[PDB]
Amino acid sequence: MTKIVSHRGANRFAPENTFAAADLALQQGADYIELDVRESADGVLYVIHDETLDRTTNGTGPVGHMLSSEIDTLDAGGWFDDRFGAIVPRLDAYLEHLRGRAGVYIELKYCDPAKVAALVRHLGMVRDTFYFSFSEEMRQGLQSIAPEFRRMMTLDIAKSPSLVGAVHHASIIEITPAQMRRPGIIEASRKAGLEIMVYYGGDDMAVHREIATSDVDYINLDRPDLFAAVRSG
């Protein structure tokens, strides 16, 4: 049965990357929660997609340039609705809060891979966690510090299912719906012994079904509720 990976939490009904967005996703049936990591000017791990506070908080400028004390005081939920001054979660709490409740797909944006390794190791969440990053710097870093961690590569970058493990040292391959459909793509990913996650952040119930129907291990989506119902069938 395909597991649900919630892309930045219950994105459509709660401020992305918030305990609320996260808690909501767990309610709608998400099996995993995806988050994005960044580091404050003073070395603290936070959950936030953008490089700057602007788009999703009461603050502005590079998160890398701000100290945590200030960051910990920003509003990260009012921009969505007044019903939400949610905090820019610290990977510290955000993870401890998720531990035991779900798996976490951690995507490094820019931070210290060592701190991530040390933390995940401290919490004992190695098995139930997997990594990725568009930053080559981050991948190599995490690849050198934590080879044993589960990581994933996109077919888009790997060029071939056979190279996801061989070249990108990953055990999970992310493919689009178009790639999911191509006959050999799944058989190949399977020959390579990869878990398979398909990315789709839309509303087409049909697409959700077709995925819940295919030989796929995960779905990285922006609407867990929909896929959860389709999985109901």
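Residue positions are given as counts along the sequence shown, with the first one as 1.
Q: Please classify the unmodelled stretch of the deposited sequence between residue 84 and residue 85: none, 1 to 3, 4 to 9, or 10 or more residues.
A: Count of unmodelled residues in between: 1 to 3.
Q: Of 201 to 209 and 185 to 193, which one has the bigger average CA B-factor?
A: Stretch with the higher mean C-alpha B-factor: 201 to 209.
Q: Check the entry's C-alpha temperature factors for 176 to 184 and 161 to 169, then say which stretch has the higher mean.
A: According to the PDB entry, the answer is 176 to 184.
Q: Have a look at 75, 136, 156, 148 and flag the one whose Cα has the highest B-factor in the entry.
A: 75 has the highest C-alpha B-factor of those listed.
Q: Classify residue 71 as lowest, middle or highest third according to the C-alpha B-factor given in the PDB entry, relative to its own chain.
A: Ranked within chain, residue 71 CA B lands in the highest tercile.
Q: Relative to the other modelled residues of the same chain, rank the CA B-factor of residue 53 and answer lowest, middle or highest third.
A: It belongs to the highest third of the chain when residues are ordered by C-alpha B-factor.
Q: Place residue 131 in the lowest, middle or highest third of its chain's C-alpha B-factors, as listed in the PDB entry.
A: CA B-factor rank for residue 131: lowest third.
Q: Please place residue 101 in the lowest, middle or highest third of its chain by C-alpha B factor as given in the entry.
A: It belongs to the highest third of the chain when residues are ordered by C-alpha B-factor.
Q: When the deposited Cα B-factors of this chain's modelled residues are ordered and cut into thirds, is residue 26 in the lowest, the middle or the highest one?
A: As the PDB entry reports it, the C-alpha B-factor of residue 26 lands in the highest third of its chain.
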